[PDB]
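These notes are about the structure you will find just below.
What follows draws every value from the coordinates through simple rules; no lab data is involved. All Cβ positions, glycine included, derive from the backbone under ideal geometry; neighbour counts span all protein chains shown.
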Amino acid sequence: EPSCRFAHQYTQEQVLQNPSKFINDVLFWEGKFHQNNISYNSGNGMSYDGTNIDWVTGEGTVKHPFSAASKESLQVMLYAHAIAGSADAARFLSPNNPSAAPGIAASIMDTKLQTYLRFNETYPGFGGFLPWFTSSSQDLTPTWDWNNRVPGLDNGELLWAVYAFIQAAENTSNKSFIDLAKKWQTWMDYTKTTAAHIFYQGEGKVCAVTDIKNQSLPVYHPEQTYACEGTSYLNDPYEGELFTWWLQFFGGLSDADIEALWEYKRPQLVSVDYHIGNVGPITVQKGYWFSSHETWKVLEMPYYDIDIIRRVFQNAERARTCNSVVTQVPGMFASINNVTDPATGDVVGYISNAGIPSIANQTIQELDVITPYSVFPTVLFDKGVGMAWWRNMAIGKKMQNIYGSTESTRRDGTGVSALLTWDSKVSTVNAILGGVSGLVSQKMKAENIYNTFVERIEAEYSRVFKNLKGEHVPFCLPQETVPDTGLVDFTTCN
Ligand SMILES: *[C@@H]1O[C@H](CO)[C@@H](O)[C@H](O)[C@H]1NC(C)=O
Ligand SMILES: *[C@@H]1O[C@H](CO)[C@@H](O)[C@H](O)[C@H]1NC(C)=O
Ligand SMILES: *[C@@H]1O[C@H](CO)[C@@H](O)[C@H](O)[C@H]1NC(C)=O
């Protein structure tokens with residue numbers, strides 16, 4: 001029912017007055033991203049990173065034929081909600097027939113698993129993990145750059161997503177769905193047997209990227225070797241922390257090695273105070289860039305069951321929203337694709353370093369490009385405020401399309417990334433659905449690792465964050481709009 005260009009059909013206050021109505025429109029159009037040759041390959045059930053859309057028409061043109069376990073995790077998390085019978089996930093997957101959404105998720109995940117297993121057979125050296133892959137043909141291949149290279153961070157995200165999906169499928173008591181869950185449990189369980197050998201160097205050091213001698217050789221072939229790429233380790237509180245937990249619970253590490261994981265991580269967990277103009281001080285967890293993307297872990301594991309953690313991450317959103325108000329930015333910041341050059345149709349590059357410099361490890365930042373998915377952590381705390389920010393960016397010229405929100409816009413409104421990706425779109429969807437931490441905590445409790453998670457993560461956070469300021473500072477609403485400088489809405493979405 002909703003118009004493609006629904007964002008400017010609402011006022012800001014109307015979004016706050018009824019977030020659910022607005023979200024219902026959001027989910028409908030976000031759902032249109034979920035099509036063959038747009039966001040995934042229906043032949044092998046594998047994600048594509050996304051696709052370019054035509055500068056003028058806003059229709060799919062040039063797909064990204066590659067993806068990674070990180071995008072897989074967004075797709076899988078959605079399917080976890082869909083198979084559990086979530087009405088919102090159904091709005092996304094199957095709006096004209098909600099009752100079919102579980103079956104669609106089940107079918108694709110069946111097809112997907114087959115593809116994962118063919119990849120494992122052909123490339124056993126990955127030990128059941130996924131590199132960046134080409135998904136445009138029936139069988140997966142590593143992208144050229146990712147031959148014999150496997151990232152811990154991305155796989156950590158996928159593994160907890162699959163963990164959630166398994167629980168969701170089994171919660172249905174549908175024997176078909178339970179059988180599917182058990183096959184996925186086998187896939188997931190295999191990674192437990194290889195994780196430490198592939199990614200754990202020792203003394204609490206976990207490879208960010210592991211270099212494989214030869215991906216064609218089995219994990220324990222007499223010639224096979226694994227080594228960390230350089231001295232980049234998963235040692236910080238951002239997305240890589242999901243993989244830390246994988247090693248801890250399932251990797252077969254000693255108690256001394258588990259202690260070493262958290263000890264080596266401790267110096268990267270830091271309390272800092274945001275304070276600009278009359279906003280703050282607000283005590284936050286120091287970010288890498290304080291890109292929204294860095295908070296991803298809270299959607300996969302029940303971090304927010306711990307009050308000190310919930311309070312620290314709530315503070316993040318006080319800082320994030322109000323920072324944009326005080327610096328007069330009509331959106332918020334996250335790692336994102338740069339604008340499209342209209343003459344070529346090509347994205348001009350990728351902007352990793354977009355966040356909030358004053359509360360970041362990396363202070364050298366590009367802040368000319370804003371993105372709707374920057375709201376996903378705000379959405380977890382306050383759907384209304386999250387969606388108000390989302391709306392403010394989506395009303396920018398060309399920032400809605402027939403597949404939902406557009407990747408990104410310049411904050412001065414002189415350029416747009418004419419692109420769709422899972423990262424810029426379905427991150428937000430998964431935040432709207434409340435993450436999968438609920439499903440995960442159920443399975444964690446059943447497998448008696450929940451109490452360990454809570455004890456450990458409360459200890460680590462409570463040791464650093466002792467004297468919170470700014471907890472009285474309300475979330476801020478957008479005060480500036482994206483300038484209209486002559487860009488024209490897509491002809492299929494105006
Ligand atoms: C992956 O391949 C290895 C080695 O051929 C095999 O032992 C393992 O069972 C496979 N993984 C799964 C989940 O079937
Ligand atoms: C990697 O192992 C495969 C499988 O035996 C072998 O055929 C291939 O030549 C190896 N690659 C290199 C560069 O040694
Ligand atoms: C993004 O594009 C702008 C021009 O629109 C350019 O000045 C900037 O350096 C680009 N950044 C990246 C990281 O590609």
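Summary table
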| quantity | calculated |
| --- | --- |
| Considering residues of the range 224-244 that are touching an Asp or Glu at 6+ places or on another chain (Cβ under 9 Å) and among the aromatic types (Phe, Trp, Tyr) only, the residue farthest from ligand 2 (Cβ to nearest atom) | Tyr238 |
| Leading residue by the ranking (farthest from ligand 3 (Cβ to nearest atom)) among those in the range 209-218 that are assigned to a strand (DSSP E or B) and farther than 30 Å from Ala316 by Cβ | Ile212 |
| Among residues of the range 195-223, those that are in contact with an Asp or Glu (Cβ under 8 Å, 6 or more places away or on another chain), closer than 20 Å to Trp132 by Cβ and away from ligand 2 (no atom under 12 Å from the Cβ), counted | 5 |
| Hits in the range 195-217 (condition: surrounded by fewer than 19 Cβ atoms within 10 Å (Cβ to Cβ) and either of a type outside the set (A, V, I, L, M, F, W, C) or within 16 Å of ligand 1 (Cβ to nearest atom) (or both)) | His197, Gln201, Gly202, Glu203, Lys205, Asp211, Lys213, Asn214, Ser216, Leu217 |
| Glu1 more than 24 Å from the chain's Cα centre (by Cα) and not in a loop (DSSP other than H, G, I, E, B) | no |
| Qualifying residue in the range 319-331 (condition: closer than 25 Å to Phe243 by Cα, away from ligand 1 (no atom under 16 Å from the Cβ) and buried (at least 24 other Cβ atoms within 10 Å of the Cβ)) | no |
| Any hit, the range 443-458, residues being without any contact (Cβ under 8 Å) to a residue 12 or more places away in the chain and of a type in the set (S, T, N, Q) | yes |
| Count of the range 264-293 residues which are part of a helix (DSSP H, G or I) and surrounded by fewer than 23 Cβ atoms within 10 Å (Cβ to Cβ) | 5 |
| Failed condition for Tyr226, given (1) more than 16 Å from ligand 1 (Cβ to nearest atom); (2) hydroxyl-bearing (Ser, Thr, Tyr); (3) closer than 17 Å to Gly128 by Cα | (1) |
| Residue match in the range 219-242 (condition: away from ligand 3 (no atom under 16 Å from the Cβ), in contact with a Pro (Cβ under 7 Å, 6 or more places away or on another chain) and not in a strand (DSSP E or B)) | yes |
| Test: residue in the range 44-57 that is out of contact with any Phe, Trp or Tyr (no Cβ under 6 Å at 6 or more places or on another chain), crowded, with 17+ Cβ neighbours inside 10 Å and in a helix (DSSP H, G or I) | no |
| Identity of the residue in the range 17-31, part of a helix (DSSP H, G or I) and farther than 14 Å from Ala394 by Cβ, that ends up nearest to the chain's Cα centre (by Cα) | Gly31 |
| Qualifying residue in the range 231-238 (condition: more than 16 Å from ligand 1 (Cβ to nearest atom), aliphatic (A, V, I, L, M) and surrounded by 14 or more Cβ atoms within 10 Å (Cβ to Cβ)) | yes |
| Filter pass, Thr481 being loosely packed, with under 13 Cβ neighbours inside 10 Å, at negative phi and outside any helix (DSSP H, G or I) | no |
| Failed item in (1) farther than 19 Å from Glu239 by Cβ; (2) without any contact (Cβ under 8 Å) to a residue 60 or more places away in the chain; (3) more than 16 Å from ligand 1 (Cβ to nearest atom), with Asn174 passing the rest | (2) |
| Which listed residue is over 17 Å from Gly31 (Cβ atoms), in contact (Cβ under 8 Å) with a residue 24 or more places away in the chain and of a type outside the set (A, V, I, L, M), from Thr134, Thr141 | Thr134 |
| Qualifying residue in the range 149-169 (condition: surrounded by fewer than 24 Cβ atoms within 10 Å (Cβ to Cβ) and without any contact (Cβ under 8 Å) to a residue 24 or more places away in the chain) | no |
| Subset of the range 306-350 [free of Cβ contacts under 8 Å to residues at least 40 places away in the same chain and not acidic (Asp, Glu)] | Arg310, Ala343, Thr344, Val348, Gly349, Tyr350 |
| Unmet criterion (only one of (1) surrounded by 22 or more Cβ atoms within 10 Å (Cβ to Cβ); (2) under 21 Å from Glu471 (Cα atoms)) for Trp296 | (2) |
| Helices (runs of 4 or more DSSP H) contained in the range 391-478 and holding at least 2 residues over 20 Å from the mean Cα position of the chain (by Cα) | 437-446, 450-464 |
| Subset of the range 335-370 (residues that are assigned to a loop (DSSP other than H, G, I, E, B), in contact with a strand residue (DSSP E or B) (Cβ under 6 Å, 6 or more places away or on another chain) and surrounded by fewer than 19 Cβ atoms within 10 Å (Cβ to Cβ)) | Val348, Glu366, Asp368 |
| Selection count where residues are surrounded by fewer than 24 Cβ atoms within 10 Å (Cβ to Cβ) and not in a loop (DSSP other than H, G, I, E, B), scope the range 381-390 | 4 |
| Filter pass, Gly277 being free of Cβ contacts under 8 Å to residues at least 24 places away in the same chain and either away from ligand 2 (no atom under 16 Å from the Cβ) or touching a strand residue (DSSP E or B) at 6+ places or on another chain (Cβ under 9 Å) (or both) | no |
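Residues checked against (1) within 16 Å of ligand 2 (Cβ to nearest atom); (2) buried (at least 17 other Cβ atoms within 10 Å of the Cβ):
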residue	(1), (2)
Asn97	no, no
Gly103	no, yes
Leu113	no, yes
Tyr123	yes, yes
